[PDB]
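Data first, discussion second: the structure below is written as structure tokens.
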Amino acid sequence: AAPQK
Amino acid sequence: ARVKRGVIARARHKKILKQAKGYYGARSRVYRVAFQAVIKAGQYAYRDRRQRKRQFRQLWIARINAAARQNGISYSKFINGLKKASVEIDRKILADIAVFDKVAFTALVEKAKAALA
Amino acid sequence: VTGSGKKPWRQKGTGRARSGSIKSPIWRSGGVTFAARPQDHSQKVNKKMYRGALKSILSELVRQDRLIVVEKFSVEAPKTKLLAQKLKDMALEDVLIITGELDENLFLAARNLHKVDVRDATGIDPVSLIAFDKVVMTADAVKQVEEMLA
RNA sequence: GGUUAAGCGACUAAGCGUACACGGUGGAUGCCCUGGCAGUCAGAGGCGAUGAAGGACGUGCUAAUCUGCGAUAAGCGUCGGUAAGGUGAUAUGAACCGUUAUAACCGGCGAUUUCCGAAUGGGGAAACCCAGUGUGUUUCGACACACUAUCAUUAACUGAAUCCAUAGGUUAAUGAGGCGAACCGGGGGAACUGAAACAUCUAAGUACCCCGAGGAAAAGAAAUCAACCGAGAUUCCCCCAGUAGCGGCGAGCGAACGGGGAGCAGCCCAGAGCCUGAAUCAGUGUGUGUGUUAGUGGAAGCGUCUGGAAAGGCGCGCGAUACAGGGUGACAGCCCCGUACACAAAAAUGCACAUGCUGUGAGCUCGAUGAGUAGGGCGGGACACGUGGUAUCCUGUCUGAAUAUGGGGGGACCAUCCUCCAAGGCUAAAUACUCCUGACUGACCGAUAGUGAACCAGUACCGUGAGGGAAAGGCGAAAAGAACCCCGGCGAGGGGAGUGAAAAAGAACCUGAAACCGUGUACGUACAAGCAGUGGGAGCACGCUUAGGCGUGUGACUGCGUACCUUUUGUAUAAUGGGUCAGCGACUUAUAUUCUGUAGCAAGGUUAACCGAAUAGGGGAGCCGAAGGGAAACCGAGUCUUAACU
RNA sequence: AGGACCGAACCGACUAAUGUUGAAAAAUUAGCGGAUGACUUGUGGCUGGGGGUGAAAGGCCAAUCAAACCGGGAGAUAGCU
RNA sequence: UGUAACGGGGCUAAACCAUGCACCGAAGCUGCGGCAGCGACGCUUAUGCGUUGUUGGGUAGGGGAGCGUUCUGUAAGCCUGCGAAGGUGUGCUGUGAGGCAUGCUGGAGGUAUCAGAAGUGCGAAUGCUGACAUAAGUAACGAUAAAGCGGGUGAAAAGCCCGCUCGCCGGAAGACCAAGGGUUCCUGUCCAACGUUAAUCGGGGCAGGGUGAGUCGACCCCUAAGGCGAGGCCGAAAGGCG
RNA sequence: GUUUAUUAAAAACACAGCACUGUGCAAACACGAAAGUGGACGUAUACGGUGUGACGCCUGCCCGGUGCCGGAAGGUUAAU
RNA sequence: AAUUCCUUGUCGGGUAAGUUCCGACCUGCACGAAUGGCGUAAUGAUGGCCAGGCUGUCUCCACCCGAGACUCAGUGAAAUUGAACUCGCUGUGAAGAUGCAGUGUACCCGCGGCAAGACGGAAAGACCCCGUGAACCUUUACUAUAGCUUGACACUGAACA
RNA sequence: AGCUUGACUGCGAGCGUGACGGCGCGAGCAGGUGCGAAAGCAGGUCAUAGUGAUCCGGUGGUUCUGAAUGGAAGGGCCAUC
Ligand SMILES: COC(=O)c1c(OC)cc2cc3c(c(O)c2c1C)C(=O)[C@]1(OC)C(=O)C=C(OC)[C@@H](O)[C@]1(O)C3=O
Ligand SMILES: [K+]
Ligand SMILES: [K+]
Ligand SMILES: [K+]
Ligand SMILES: [K+]
Ligand SMILES: [K+]
Ligand SMILES: [K+]
Ligand SMILES: [K+]
Ligand SMILES: [K+]
Ligand SMILES: [K+]
Ligand SMILES: [K+]
Ligand SMILES: [K+]
Ligand SMILES: [K+]
Ligand SMILES: [K+]
Ligand SMILES: [K+]
Ligand SMILES: [K+]
Ligand SMILES: [K+]
Ligand SMILES: [K+]
Ligand SMILES: [K+]
Ligand SMILES: [K+]
Ligand SMILES: [K+]
Ligand SMILES: [K+]
Ligand SMILES: [K+]
Ligand SMILES: [K+]
Ligand SMILES: [K+]
Ligand SMILES: [K+]
Ligand SMILES: [K+]
Ligand SMILES: [K+]
Ligand SMILES: [K+]
Ligand SMILES: [K+]
Ligand SMILES: [K+]
Ligand SMILES: [K+]
Ligand SMILES: [K+]
Ligand SMILES: [K+]
Ligand SMILES: [K+]
Ligand SMILES: [K+]
Ligand SMILES: [Mg+2]
Ligand SMILES: [Mg+2]
Ligand SMILES: [Mg+2]
Ligand SMILES: [Mg+2]
Ligand SMILES: [Mg+2]
Ligand SMILES: [Mg+2]
Ligand SMILES: [Mg+2]
Ligand SMILES: [Mg+2]
Ligand SMILES: [Mg+2]
Ligand SMILES: [Mg+2]
Ligand SMILES: [Mg+2]
Ligand SMILES: [Mg+2]
Ligand SMILES: [Mg+2]
Ligand SMILES: [Mg+2]
Ligand SMILES: [Mg+2]
Ligand SMILES: [Mg+2]
Ligand SMILES: [Mg+2]
Ligand SMILES: [Mg+2]
Ligand SMILES: [Mg+2]
Ligand SMILES: [Mg+2]
Ligand SMILES: [Mg+2]
Ligand SMILES: [Mg+2]
Ligand SMILES: [Mg+2]
Ligand SMILES: [Mg+2]
Ligand SMILES: [Mg+2]
Ligand SMILES: [Mg+2]
Ligand SMILES: [Mg+2]
Ligand SMILES: [Mg+2]
Ligand SMILES: [Mg+2]
Ligand SMILES: [Mg+2]
Ligand SMILES: [Mg+2]
Ligand SMILES: [Mg+2]
Ligand SMILES: [Mg+2]
Ligand SMILES: [Mg+2]
Ligand SMILES: [Mg+2]
Ligand SMILES: [Mg+2]
Ligand SMILES: [Mg+2]
Ligand SMILES: [Mg+2]
Ligand SMILES: [Mg+2]
Ligand SMILES: [Mg+2]
Ligand SMILES: [Mg+2]
Ligand SMILES: [Mg+2]
Ligand SMILES: [Mg+2]
Ligand SMILES: [Mg+2]
Ligand SMILES: [Mg+2]
Ligand SMILES: [Mg+2]
Ligand SMILES: [Mg+2]
Ligand SMILES: [Mg+2]
Ligand SMILES: [Mg+2]
Ligand SMILES: [Mg+2]
Ligand SMILES: [Mg+2]
Ligand SMILES: [Mg+2]
Ligand SMILES: [Mg+2]
Ligand SMILES: [Mg+2]
Ligand SMILES: [Mg+2]
Ligand SMILES: [Mg+2]
Ligand SMILES: [Mg+2]
Ligand SMILES: [Mg+2]
Ligand SMILES: [Mg+2]
Ligand SMILES: [Mg+2]
Ligand SMILES: [Mg+2]
Ligand SMILES: [Mg+2]
Ligand SMILES: [Mg+2]
Ligand SMILES: [Mg+2]
Ligand SMILES: [Mg+2]
Ligand SMILES: [Mg+2]
Ligand SMILES: [Mg+2]
Ligand SMILES: [Mg+2]
Ligand SMILES: [Mg+2]
Ligand SMILES: [Mg+2]
Ligand SMILES: [Mg+2]
Ligand SMILES: [Mg+2]
Ligand SMILES: [Mg+2]
Ligand SMILES: [Mg+2]
Ligand SMILES: [Mg+2]
Ligand SMILES: [Mg+2]
Ligand SMILES: [Mg+2]
Ligand SMILES: [Mg+2]
Ligand SMILES: [Mg+2]
Ligand SMILES: [Mg+2]
Ligand SMILES: [Mg+2]
Ligand SMILES: [Mg+2]
Ligand SMILES: [Mg+2]
Ligand SMILES: [Mg+2]
Ligand SMILES: [Mg+2]
Ligand SMILES: [Mg+2]
Ligand SMILES: [Mg+2]
Ligand SMILES: [Mg+2]
Ligand SMILES: [Mg+2]
Ligand SMILES: [Mg+2]
Ligand SMILES: [Mg+2]
Ligand SMILES: [Mg+2]
Ligand SMILES: [Mg+2]
Ligand SMILES: [Mg+2]
Ligand SMILES: [Mg+2]
Ligand SMILES: [Mg+2]
Ligand SMILES: [Mg+2]
Ligand SMILES: [Mg+2]
């Protein structure tokens, strides 16, 4: 999981 | 019947790696890289059999121009004179005579001048 | 191939090529892609083509002087040594013996001579006629072959 | 000759590159097979309360594991075979047994056969805990042995409410129970998928669950078909035929009649008399033939050369109903084990009979002829047949005949005709399969293949569990498996010595590739900018020589030159994919149909199943073709259209 | 007396830093909340997959949950790479 | 970001216009040699050769012809211990796939020719298995409770043993148990592997030893939640409930 | 008090209290092809469902639409 | 206003200065009465705002104490990787160049540091679109169906009005 | 404006336009008509839009078929919905 564009 | 590939595979790979001798690094050691190198070298070999013919004619002309001007005429006039004189000595020979037989070249130059005069 | 249908790893996220079975033919110990089955290789030959071919072979054996014809060919006892001498006297080897009726003594005597075969006139075949160097036929056998091939 | 100046300039290699020589690592390739795969011909088709399958724990001169066996424990008795050598394997050793018959080994028949497990005396966390009753011993402390589960059927004795009775209870006898690869019959019964979506339909009565049986099962002796002629139970194969039909008339599904074959078998109860126990078949005693379970004999060769070794080369012999196959120091008909062939069973046993005993009852005459059934209404299902005009079969529900002076069927229905007798039952063969046993075969595999397993593999290991599941073969002819010496830690490892044909075959062992890592030698390389090559090319080193010019290696300098695959209008692309090497890895197979090539026959061509001492021959049942037109009747080199054709 | 107050054991998990190929597939350090109750904990039992359980977050049901795992239908299908 | 609007140097022509003659310039065209396709016509074929004309970039894709691998027949033949297959160099040869000879290694197999059948050809599939690189002799060596010295043993001692100091826990980091594990316990011996280093040490390898009950616990008697359940009731079967 | 084990602890969930509604006991209701079991060894001051959410002052108008409750005349309407 | 778009509405308080906060106005885009309205002591690891105290949060950082980093000895990984002989600039170009063109600079090789670039590494984009893909959820979408409910027939009879 | 039903039945040389299914134009033949004295004209409308395949089912006719035979049902063919 990570911040997505 | 089942057919094992090992003997033929080795023979085919070994053929390519023999042509790659002398190439730097993996190009002479590893089949995947050597194959690309061997094919590219073959392309240059095909191409450069044509350039060879161009490069030498370029070289002969330069030497004829140098020797012609020592005798006081430019290449373009020198060649034109020989055509008028009906001399078919080609540029490969003129570049040879220009180096090894300077007195013979001078006679040719005077023959060209007489046709332009 | 023996092995469960369990998927080896999740479809995504592992960074590894996607796979669906351990039994895939791409894998070591996987199945054979087009695995063989027991099968029948026999072919049809038309009766007229079969009989037409035999006539051609027999005509060449004559034309090549390979066909020998005799009145009688028999041996008094099944002793193999007797047949071996008889053929040596004829200077025969690699010979096919065709007889119109089978003397059981002749059959037994030939059985250990691998360069020799004994056949009843009903049992001729295309390959034996071509494979043996000489063919010996009794006059009775010839007539039975003529009636057979018509 | 000296000094100064100017110009030009080799010898450096910390390391690196290319080539070559020699190694390491690693385990490809070749060769091999005591392991697999698919079959053919036979056998067997079960085991269990007389305690199974599968296990636990024991058992040796025995520390472990395997194999066997069970407190009588790698074994005991007896009958046979056989015997000069034996006491299973890793695996030696120790202590012994035996040699003309009581060593061992092989076969039949017996004995022993712990504990768990249907597990059965009760219980239970499998391999454990706890008893009751009755016999017998006793050393008075206790021992040994047998029996005691449940259900069904039958019998005896008991016995309520309830007088009789019945339900119930106790005891005895007989049977079942559980396991197992496929095949078989029945009860239930999906979805993915196809339909280019999807709901009828398909997949499919498939997968799967449950019940029951046998060596096979099921079916079976016309209330059947046919067509005015006739066939004659059931089952299986080839046609008929991808036809007639069914079908959101879509995708698809798909007969029968009739013909050719394999095999061939018919009977009994619904009932009395006559004649009796004649047919036939079940059990079981005996005998003959034959197969099985151990076996016996089983021919014929030496010289010389190479070699570590002869089975090979060369020379001269011999056997053969035996030249199948395997082994022996390299390839053996004659060295060995076998093979062809001829023989053998004390005992048990599968079949064929013959026959004893028990059970059965054959033949004749008269008579009878399967009712909540056939049929119907309603809802479903099976038939190729989806309710359709739908015959026929089954039945959940409600009804309901006639019964040989009668009923069923012939694809809605009616008439005539034909054909057959439902509502009771039994029955071999042709057919399906292979957990398992024996022999033999392969244009099957050969250690990343063949089984998951060539090896102590359903193991190690992983998961709570159901369950998943590996890797791992090769010294040599023979261990002759390296005495002894030296360095070293009374090491690891190594160097000699010795064995051997070989030790660079040394157990980390046949061959031993590539990636990858080194040591040495020749040349290049520290003022030089990029897909690393290509064309030209000096110099150097090493060899050859026609002696100034050839080969191999390197490559200063110089022209040209932005990897490969994929996908795209277009990629150096800064789009995808690949760290490299070695092994594996993707247009197959079966059956129909059409076209082309080629071969045979030709207005004809060809057989399928099957038979066959079997790639032959037989079998022409069928199929395509030589005639078309029409929806069809029908006509026919014509036909349809139309009243008729120009 | 008290779902009373402060605060250890015990139960929890509000903030920050560290760690993030970790000492650890959810921790440590310094602070933090409850702490006689709708408390906490040992042993045993019961509920099962369109089902359970849920002071309700689609949360939990063996490191897995808008339908667990294992085996089978099964080589489902893939006009896509 | 840096001359950055001739490619650069540079140019007063080395710019522009007009005329003219030379020369350079491509895989175009010509010359010389070789190969192959398609036509036409014949030394004459009998299916190939000769003369001549013309053609020969190529993806998707169509058509034609071949090489090589394993296996079956020819083959009880032929080659091979006077050295096969396989591995590794070299030379020759064909248009190519390839073929042939031979030095070294290896140590028992191979197979002509013509036919027959395919598990018949690999660089890619984030392909599968094994081996070996790179990063790199880099990060890290797991609580900041802490060590120092003398003597011993030993091939070798920061780490082992003994001693004296120092430090740390002390509602535990002490002591005894259950659950779980199953020989880790104690003694002798060894240091290959394991121990994040060395090791003489060890919970490591090897051999031997060690667990003693009328009173502790289990077993046993009695029951909870719950389980099973003769008959029974119910359910297509399997089973459910009691 | 409780909650998203593993990024959200809260204003969300629960709560005592309030209202509507169902249930006369072989209760309604739930799990079960069924037997049976829970509700409950309870009995309307009891039990189930729904909404609101201590306490204080309060909770106004609409029955046209959808739902529920009562009615039965007439129209229509299945098997039969 | 947890609701107000225009909107930092307007006015007042607080500050030198206040898009937040508090009070008030009512033009309520689009509050409102048990999917409750309006108050409310106590309580809360609850949201917002202000003040005292305190302070390295900060102006603006300095020094010190330990553990790493650094050197030496022993042991010894991993992500990644077509191959590399792996410079700047301007242009060109699948349109943002270490590799092309022109041009400038540059002896060969380490060690300690920093991260601007290698459209750096990790994950077959989770946003968007597509597929006659999937799942689960809703309803007066379609077709069914468990359950509930109606009637007829059966089990099911007698007499009378 | 008068008289009428050619808004006919069976065919059709030959063309145009569509991938196809299809769509369009048409002289002339046979039968039987209307107008015109006659030659002649008429197979709807100055032309180009006013429309929907197959399946399924309905209605009328018919010299076809009719599951043993004679019928019938059902099917075919023709017109039309
Ligand atoms: C715009 O927003 C984001 O850029 C963003 C993000 O920005 C901080 C953080 C996350 C974090 C996560 C996820 C995100 O999508 C995500 C996104 C999109 C997930 O979907 C998640 O990924 C394992 C998952 O599988 C299931 C979950 O909840 C159902 C999450 O809890 C999850 O576990 C998670 O950690
Ligand atoms: K050097
Ligand atoms: K090695
Ligand atoms: K044993
Ligand atoms: K049974
Ligand atoms: K379906
Ligand atoms: K589809
Ligand atoms: K769909
Ligand atoms: K029917
Ligand atoms: K009937
Ligand atoms: K192997
Ligand atoms: K394997
Ligand atoms: K060797
Ligand atoms: K090597
Ligand atoms: K160059
Ligand atoms: K690619
Ligand atoms: K693209
Ligand atoms: K990309
Ligand atoms: K792409
Ligand atoms: K074909
Ligand atoms: K408790
Ligand atoms: K589920
Ligand atoms: K060789
Ligand atoms: K690859
Ligand atoms: K390294
Ligand atoms: K050591
Ligand atoms: K909280
Ligand atoms: K909540
Ligand atoms: K509220
Ligand atoms: K209303
Ligand atoms: K209302
Ligand atoms: K009303
Ligand atoms: K609002
Ligand atoms: K709070
Ligand atoms: K960077
Ligand atoms: K008119
Ligand atoms: Mg990836
Ligand atoms: Mg395999
Ligand atoms: Mg035949
Ligand atoms: Mg013979
Ligand atoms: Mg050096
Ligand atoms: Mg070097
Ligand atoms: Mg080597
Ligand atoms: Mg029991
Ligand atoms: Mg018992
Ligand atoms: Mg579909
Ligand atoms: Mg079906
Ligand atoms: Mg039977
Ligand atoms: Mg013997
Ligand atoms: Mg012998
Ligand atoms: Mg040998
Ligand atoms: Mg009858
Ligand atoms: Mg009936
Ligand atoms: Mg039906
Ligand atoms: Mg009838
Ligand atoms: Mg009929
Ligand atoms: Mg091998
Ligand atoms: Mg294997
Ligand atoms: Mg397996
Ligand atoms: Mg385990
Ligand atoms: Mg040694
Ligand atoms: Mg020697
Ligand atoms: Mg050997
Ligand atoms: Mg070796
Ligand atoms: Mg230099
Ligand atoms: Mg310079
Ligand atoms: Mg594009
Ligand atoms: Mg380009
Ligand atoms: Mg790229
Ligand atoms: Mg790049
Ligand atoms: Mg790709
Ligand atoms: Mg990549
Ligand atoms: Mg409290
Ligand atoms: Mg919690
Ligand atoms: Mg804490
Ligand atoms: Mg606290
Ligand atoms: Mg508090
Ligand atoms: Mg407290
Ligand atoms: Mg518990
Ligand atoms: Mg939500
Ligand atoms: Mg979980
Ligand atoms: Mg689902
Ligand atoms: Mg399927
Ligand atoms: Mg698949
Ligand atoms: Mg500037
Ligand atoms: Mg220019
Ligand atoms: Mg010129
Ligand atoms: Mg040129
Ligand atoms: Mg040209
Ligand atoms: Mg050309
Ligand atoms: Mg071409
Ligand atoms: Mg061969
Ligand atoms: Mg040799
Ligand atoms: Mg071979
Ligand atoms: Mg060679
Ligand atoms: Mg292949
Ligand atoms: Mg490869
Ligand atoms: Mg490729
Ligand atoms: Mg690595
Ligand atoms: Mg580094
Ligand atoms: Mg460092
Ligand atoms: Mg460090
Ligand atoms: Mg430590
Ligand atoms: Mg010391
Ligand atoms: Mg220490
Ligand atoms: Mg202290
Ligand atoms: Mg131990
Ligand atoms: Mg100890
Ligand atoms: Mg160590
Ligand atoms: Mg130990
Ligand atoms: Mg005592
Ligand atoms: Mg029970
Ligand atoms: Mg709280
Ligand atoms: Mg959370
Ligand atoms: Mg939190
Ligand atoms: Mg609320
Ligand atoms: Mg109200
Ligand atoms: Mg009502
Ligand atoms: Mg203001
Ligand atoms: Mg305000
Ligand atoms: Mg509101
Ligand atoms: Mg309201
Ligand atoms: Mg308020
Ligand atoms: Mg170091
Ligand atoms: Mg480049
Ligand atoms: Mg260029
Ligand atoms: Mg450049
Ligand atoms: Mg650096
Ligand atoms: Mg940094
Ligand atoms: Mg990236
Ligand atoms: Mg994607
Ligand atoms: Mg589409
Ligand atoms: Mg008009
Ligand atoms: Mg009829």
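These values consider heavy atoms only, across backbone and side chains, with no hydrogens, waters or symmetry-generated copies. Chain identifiers are assigned alphabetically (A, B, ...) following the order of the sequence lines, protein sequences preceding nucleic acid strands; residue numbering begins at 1 within each chain.
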Answer yes or no: are there more than 12 heavy-atom neighbours, outside C:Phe107 itself, under 6.0 Å from its atom CZ?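 Count not over threshold, so no.
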
Where protein sits on nucleotides 577-584 of chain D, one letter per nucleotide: B base, S sugar-phosphate only, - none, heavy atoms under 4.0 Å: ---SSSSB

Base, backbone or nothing for each nucleotide of nucleotides 608-617 of chain D, written B, S, -, heavy atoms under 4.0 angstrom, 5' to 3'? --------BS

Could you pull out every donor-acceptor pair under 3.5 Å between side chains of residues 92-108 of chain B and any protein atom, sequence neighbours left out?
from     : atom 1 : to       : atom 2 : distance (Å)
B:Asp101 : OD1    : B:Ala104 : N      : 3.2
B:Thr106 : OG1    : B:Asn71  : ND2    : 3.4
B:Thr106 : OG1    : B:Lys102 : O      : 3.0

Is [X] near enough to [N] that one of its side-chain N or O atoms lies under 4.0 angstrom from OP1 or OP2?
{"X": "B:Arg12", "N": "F:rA97", "value": "no"}
{"X": "C:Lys79", "N": "D:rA320", "value": "yes"}
{"X": "C:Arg10", "N": "H:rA123", "value": "no"}

Looking at D:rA320, does its base get a donor-acceptor pair with the side chain of C:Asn112 below 3.5 Å?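 Yes.
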
State whether the distance check finds a donor on one side and an acceptor on the other, under 3.5 Å, for side chain B:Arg52 versus base D:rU534.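 In this structure, the two groups form no donor-acceptor pair.
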
Name the orientation of the base relative to the sugar in D:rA167: syn if the glycosidic angle is within 90° of 0, else anti.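 Glycosidic conformation of D:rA167: anti.
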
Could you check E:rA25 for me: syn (within 90° of 0) or anti?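 Anti, since the glycosidic angle lies more than 90° from 0.
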
Under a 3.5 Å threshold, yes or no: a donor from one side chain and an acceptor from the other, between C:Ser42 and C:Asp40?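 Side chains of C:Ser42 and C:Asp40: pair found under 3.5 Å.
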
State, without any angle test, whether B:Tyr75 and B:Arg91 hold a side-chain donor-acceptor pair at a distance under 3.5 Å.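 Yes - a donor-acceptor pair under 3.5 Å links their side chains.
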
Base partner of D:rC183, which must satisfy Watson-Crick or wobble distances under 3.5 Å: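 Per the H-bond distance test, D:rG214.
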
Considering only nitrogen or oxygen atoms on both sides, find all protein atoms under 3.5 Å from nucleotides 553-560 of chain D and state each distance.
from    : atom 1 : to      : atom 2 : distance (Å)
D:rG559 : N2     : B:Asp48 : OD2    : 2.4
D:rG559 : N3     : B:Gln55 : NE2    : 3.2
D:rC560 : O2'    : B:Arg47 : NH1    : 3.1
D:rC560 : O2'    : B:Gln51 : NE2    : 3.2
D:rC560 : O2     : B:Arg47 : NH2    : 3.0

To the nearest Å, give me how far apart CG (C:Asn46) and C1' (D:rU598) are.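 In whole Å, D:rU598 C1' and C:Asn46 CG are 14 Å from each other.
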
Pucker family (sign of torsion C1'-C2'-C3'-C4'), [N]:
{"N": "I:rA67", "result": "south"}
{"N": "F:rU200", "result": "south"}
{"N": "D:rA415", "result": "north"}
{"N": "G:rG48", "result": "north"}
{"N": "H:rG28", "result": "south"}

In residues 90-102 of chain C, which residues come under 4.0 Å of RNA chain H by heavy atom?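 Nucleic-acid contacts, sorted: none.
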
Pairwise salt bridge (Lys or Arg N to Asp or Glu O under 4.0 Å) hits with a residue in residues 116-131 of chain C, at least two apart: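 Qualifying pairs: C:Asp117-C:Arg119, C:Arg119-C:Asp125.
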
